[PDB]
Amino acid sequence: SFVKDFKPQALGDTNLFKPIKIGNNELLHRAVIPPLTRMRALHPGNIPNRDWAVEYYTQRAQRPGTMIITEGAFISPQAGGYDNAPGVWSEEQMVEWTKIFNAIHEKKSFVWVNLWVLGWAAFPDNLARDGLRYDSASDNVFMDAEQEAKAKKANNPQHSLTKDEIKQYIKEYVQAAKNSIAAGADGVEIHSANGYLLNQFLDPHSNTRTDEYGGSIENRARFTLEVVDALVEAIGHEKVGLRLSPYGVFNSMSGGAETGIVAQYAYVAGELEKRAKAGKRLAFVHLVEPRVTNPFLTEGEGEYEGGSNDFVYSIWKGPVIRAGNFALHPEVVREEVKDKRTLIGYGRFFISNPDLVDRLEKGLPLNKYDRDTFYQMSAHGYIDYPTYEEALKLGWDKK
């Protein structure tokens, strides 16, 4: 069924359809497909699903010039924690990723691998079985109730990373970046948002360390910036991007309740622009809008109207991607794109609408999404969403 009770508006006359250059890529529009974990990866091996992945990315790369950010990809086994999420550390995975990247490039679109490390969001028992640690910034603060519950059951206490163990994660990031780029990826997006490892260090609630990785704005941000510095020196600054969620509360992050959250991120943004002048300007900065502080709550819930991301624009002067409930609000996108360096990320509706860009340009009805197949091990709810034409033939509008 099409989304009922929604007035679609054509966005063909806005900047959403004026090309832009992000890195080495020349996009033909600014509707970006943000990272979306679907959990179809194969176990054992965290292998990209061999039966359905290529088709999935291929469907959503039909509109030429589209920029696609792959689903979260584990840089290594320790950075992992979910049986069905893909990784980019083994030869057996890179062989799969290549087929996807080629399928994507052939449609004339672009792909960026999102580097993922779970921190305290990983399953402790899944880590105990394979003989891995349950990492995080600290060891006296746990994500929640059932996480500290699984920690004990598996006799796998939450571990406060040591300086040498952080250095290791930085070595795996580089390797993963290198594998992805070697397999033909256009670039990689450092995932430093939604309460994962790097965000756990960034947030003052999950980071109560005393060494140079906690204790102040400058220290809580050290990890993220070292990773940025490392990937910039290894594959080029035009092939790297950083994702942040200043006001997110997902996974026990502080959000706007922490008075120093704006300063924490203003700092990071400041360090980027700094490097930008030094010649090394990241390809872009990706921001999750306070319009969505929790990606698990329906469109309109968990909105934080006490803060804004606009401050980033006074510090960083490169491309900025903004994502969060923009598909059902064309009126807000029309205003946000009047800025010449802003890109719009459409998550949940790029899941259900494979031809989303066309529907945005022509103001057509959007396919409602099925939340139940977001993480199912099936093709249903993954690759069987119809395009507008297919929907008409199937009679989704009622004669």
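In this text, residue numbers run from 1 along the sequence as written.
- Averaged over Cα atoms, the B-factor as recorded in the entry is higher for 335 to 343 than for the other of 335 to 343 and 350 to 358.
- For the pair 214 to 222 and 196 to 204, the mean B factor over Cα atoms is greater in 214 to 222.
- Looking at 274, 99, 243, 209, the one whose CA carries the top B-factor in the deposited record is 209.
- For the set 371, 63, 40, 30, the PDB entry assigns the largest Cα B-factor to 371.
- Placement of the Cα temperature factor of residue 35 within the chain: lowest third of the modelled residues, per the deposited record.
- Ranked against the other modelled residues of its chain, the C-alpha B-factor of residue 143 as given in the entry falls in the highest third.
- Residue 313: CA B factor lies in the lowest third for its chain, per the PDB record.
- Residue-level temperature factors show residue 284 in the lowest third of its chain, judged at the C-alpha atom.
- Ranked against the other modelled residues of its chain, the C-alpha B-factor of residue 49 as given in the entry falls in the highest third.
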